[PDB]
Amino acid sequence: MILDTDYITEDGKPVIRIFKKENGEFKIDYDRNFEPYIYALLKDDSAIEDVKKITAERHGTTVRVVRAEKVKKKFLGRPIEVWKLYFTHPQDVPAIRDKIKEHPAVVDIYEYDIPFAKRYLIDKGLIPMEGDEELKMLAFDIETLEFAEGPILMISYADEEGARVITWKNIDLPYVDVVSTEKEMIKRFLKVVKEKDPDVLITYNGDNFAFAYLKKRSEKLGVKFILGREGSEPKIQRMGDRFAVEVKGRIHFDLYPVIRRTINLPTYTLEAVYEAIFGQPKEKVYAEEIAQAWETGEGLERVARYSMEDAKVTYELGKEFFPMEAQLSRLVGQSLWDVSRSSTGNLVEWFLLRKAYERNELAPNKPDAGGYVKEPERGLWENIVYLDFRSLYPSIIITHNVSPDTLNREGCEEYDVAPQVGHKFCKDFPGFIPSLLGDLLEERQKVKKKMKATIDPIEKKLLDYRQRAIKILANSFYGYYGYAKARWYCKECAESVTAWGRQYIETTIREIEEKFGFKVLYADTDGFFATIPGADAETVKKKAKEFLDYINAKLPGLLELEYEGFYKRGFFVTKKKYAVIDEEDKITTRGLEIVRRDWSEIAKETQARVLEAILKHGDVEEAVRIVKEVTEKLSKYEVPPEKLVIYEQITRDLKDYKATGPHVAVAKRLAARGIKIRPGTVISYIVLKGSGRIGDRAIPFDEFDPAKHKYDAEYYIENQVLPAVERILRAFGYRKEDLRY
């Protein structure tokens, strides 16, 4: 199968490289006659020759329009006549782009920002990750003692053969390979990768830590960090605001971005994520404990176990998600490296671009939400279930032909009109998106049929994934319509789908209350929470599953709902803000928790203690008491200043800042005194009492003296503690005035 595409430059000409795994072997095929191009709409076709004369400079090399060919395409369901302009190198596009548009005869340009290797996949009809090839995979993690200043203590890895650890101190455990030095540890890990020859290297946050650290130690220790199959090092790319790492010939599959896009929980640690997916706790050994262990030589077995489990948990996490991302890559028609790192929004973009090319539909340029909100029931509810609405929206798009090319169409015999908002949509022909959405579902059902028929357990799990991948993709179109940088953006399309949704949501809530006796506690654009007052947990589950079968029978065709989970209890504050606890006593908040370094520990600690009293123990009055004592204690100067420190990172040169927050005020005073302030530096400040802007009163905690300085009790009460609990407790009829001392 096709694993990735890139290009290389030979004699100024782009050469496409197609990385493949066919018949068990890894091979790189090449293509030398694929040409970059853009499109251009001209006011006057006579001017194409002068447009062909437009030049530009690229590293002092002359860039020009090599060829021009007139082409008839369709733009948003209407014929359009543009000029396809060819070039020599893909790097010519951004050098000459704007001069072609700046030309007075050229109205605009189209398909001018499509990466060359992706353009290739689309145009040649190539689908990555397709077919029957078992890919070999290896997980790995590191343990480290300025970035990459200290040495790497351990490198763990895991696969089918098991999970081992490489360290440079003698640890008597069977899975621990003991090596002489850190350099030889890294070198030993390089051998194992080249020897196992995996197709996929799995990591957790390897884009922003593992690889980069490994680079800088190998940079310092004089090792050439070769993981690429052709002999290259890992390339650290830049994805706008963040970094990312490719390994040529292999697929670096970082689990972190995938997981955040897939599931929803407050803290995205390796243990939390593993606990949410596999329902088993994992011990976390902290960085203060590791240094202590490595320094003395006391507890290196526990540190070595933690590193081994890190590798093993990552591999089995890798085994769960990769097949799904594999399938999404086949549907979208882009590499797993890209699809694994994209937003749901951009997954729909690349799907639509590929389909646009197949139907000869010219792509619109980039520019470069909202929904149902029932006010929830108040207080703490026993035995809650969540049912998902998202499945409604694709069928709504399909049935009502909702598309930008069908919006307010001129001169049709049939129209479906949206409720409330009143937008119209043509019915004489099927829209671009709706017909594509229709086929995604028709394919999903055809997959489900063949799924049940086939009994090969491995292919029964493979076809299960394919169907699941179509669901994630189909469920993304609704959101994509209102996506900010969306090519096929249409606010009317979204409002309309929302409007038509209300009916089915209303009807669903109506049925579940009357025919089944539930009370809906919270309902939003995505789903709703519900219970049966006075009922046992098992009844609720049983009755909920009975409702699912009923409602999906009544809602025509592919109109569906899903049963997501049961929760022992919860409360509900406002839109997208609630908290729940499952039968395993695992708390799950949305839009409430504040577990971040820019909030003080006292605020974090008190909130967590409040969520515990309410959810695990069911004592709201104890939660109120907790906050009362804390606010009393803050004002009496009994809370340790260590719990009051705010950590905040400066992210570029101090001169760049257009607006000064507290941490930028603290940093600028340090810089005025010569003290090192670089991007990445972390200001840890505390707020002293008195007058002035918070920034004027804030000092560094290093410069803090408990005896001399007096922190700002009012600030930590009113701006930190109370804001973190007020909202939660407001859903129980408690106001700020009830919480202060």
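Residue indices: 1-based, along the sequence shown.
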Between neighbours residue 369 and residue 368, residues that the deposited sequence lists but the model omits: 10 or more
Missing residues, deposited sequence, between residue 145 and residue 146 (class: none, 1 to 3, 4 to 9, 10 or more): 4 to 9
Residue range whose averaged C-alpha B-factor is higher in the record, 670-678 or 705-713: 705-713
Mean C-alpha B-factor comparison - 255-263 and 102-110, higher one: 255-263
Most elevated Cα B-factor in the entry, residues 279, 125, 128, 438: 279
Member of 199, 612, 605, 241 with the greatest C-alpha B factor (per the PDB record): 241
Chain-wide C-alpha B factor ranking for residue 698, given as lowest, middle or highest third: lowest
Residue 691 - Cα temperature factor, lowest/middle/highest third of chain: lowest
Where the record places residue 376 (Cα B-factor, split into thirds across the chain): highest
Entry-reported Cα temperature factor of residue 362, expressed as the chain third it lands in: lowest
Entry-reported Cα temperature factor of residue 65, expressed as the chain third it lands in: middle
